[PDB]
Amino acid sequence: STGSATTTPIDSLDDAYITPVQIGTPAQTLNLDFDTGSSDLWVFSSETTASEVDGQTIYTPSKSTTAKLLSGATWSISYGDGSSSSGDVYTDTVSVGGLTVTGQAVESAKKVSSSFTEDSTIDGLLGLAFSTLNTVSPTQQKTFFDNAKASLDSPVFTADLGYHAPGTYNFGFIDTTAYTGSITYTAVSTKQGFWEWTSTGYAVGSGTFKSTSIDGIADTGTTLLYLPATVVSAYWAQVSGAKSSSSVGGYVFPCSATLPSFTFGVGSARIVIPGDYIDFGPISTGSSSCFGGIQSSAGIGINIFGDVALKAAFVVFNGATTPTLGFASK
């Protein structure tokens, strides 16, 4: 089998991407944030504290004839950005772009933190990291991809995120029309439960490529590109007036600037992030200070190849017996 779904930016800045997902019988369609940095499929629901729902579409398991309460199971997750959610668990039928999993764990939120409530466009998350990170207790549950894998034509999914435009998540096949050149594959460590790999270096604008190993995660659920302070300083040094602002919480730059590109290495291959991808707009409405899309990972504890990086590429998440990651230009 295969599946194919369009993923759409939630706003004009590409702050995140939502993909429609069918849950239950009859189908209840929710718009979920596909997140290769976590491993829980959780949704706003009829069980979510009413004051914490503000415009999201909810899953109502009592209206699904295939929903079953997973007895005694709870979940609770805290994300790197400080947000969190928790609740109980159903199994139900979940379909993405034509691909169907029966008996998928659907984690129903009883509580969500303020940032989730405040974002009316995201009805939940669909985790696509390794199932070892899944928070369900006392019996850990598998991700949608893990459940589908054996049925897929090929045990892979691909992320093709758009810049200020829709893109595609495909399951079970590689669309050879969706990228240019070849796909360069690179090793993955699953030891921390992430799609963790090592970039071979970087360049700023038309500058020379610096060969240096950068360990990080391919994370569709993180907006920005988080890299070591040395790298980030080298980038922003090429932008007149850019500075790290403690009060704002990262590098800011004059909105009048034209940003240089940023290149990262995948083996001997090179992915070029155009400068415009690195502009996240005014820090506050009406400001002429703009927020940068490349930020320091110091104090995160891990480098993160988030959407800023991934959207410059066609990305293969290869779930073969030994997982690997593939990147192509597009």
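All positions are counted from 1 along the displayed chain.
Determination method: X-ray crystallography, 1.5 Å.
Cβ atoms are placed via backbone N, Cα and C, with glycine included.
So that you can see what the record holds, here are the features copied from Swiss-Prot:
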ACT_SITE  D35  active site
ACT_SITE  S199  active site
DISULFID  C255-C290  disulfide bond
DOMAIN    17-328  domain 'Peptidase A1'
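Feature annotations (Swiss-Prot) mapped to structure.
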| residue | record | DSSP class |
| --- | --- | --- |
| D35 | active site | strand |
| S199 | active site | strand |
| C255 | disulfide bond | coil |
| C290 | disulfide bond | strand |
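Taking Cβ-Cβ distances under 8 Å and a sequence separation of 6 or more, the neighbours of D35 (active site) in its chain are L125, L126, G127, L128, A129, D219, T220, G221. Cβ crowding, taken as the number of other Cβ atoms within 10 Å, peaks at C290 among the disulfide-bonded residues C255, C290.
Taking Cβ-Cβ distances under 8 Å and a sequence gap of 6 or more within the same chain, the neighbours of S199 (active site) are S213, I214, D215, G216, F264, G265, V266, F305.
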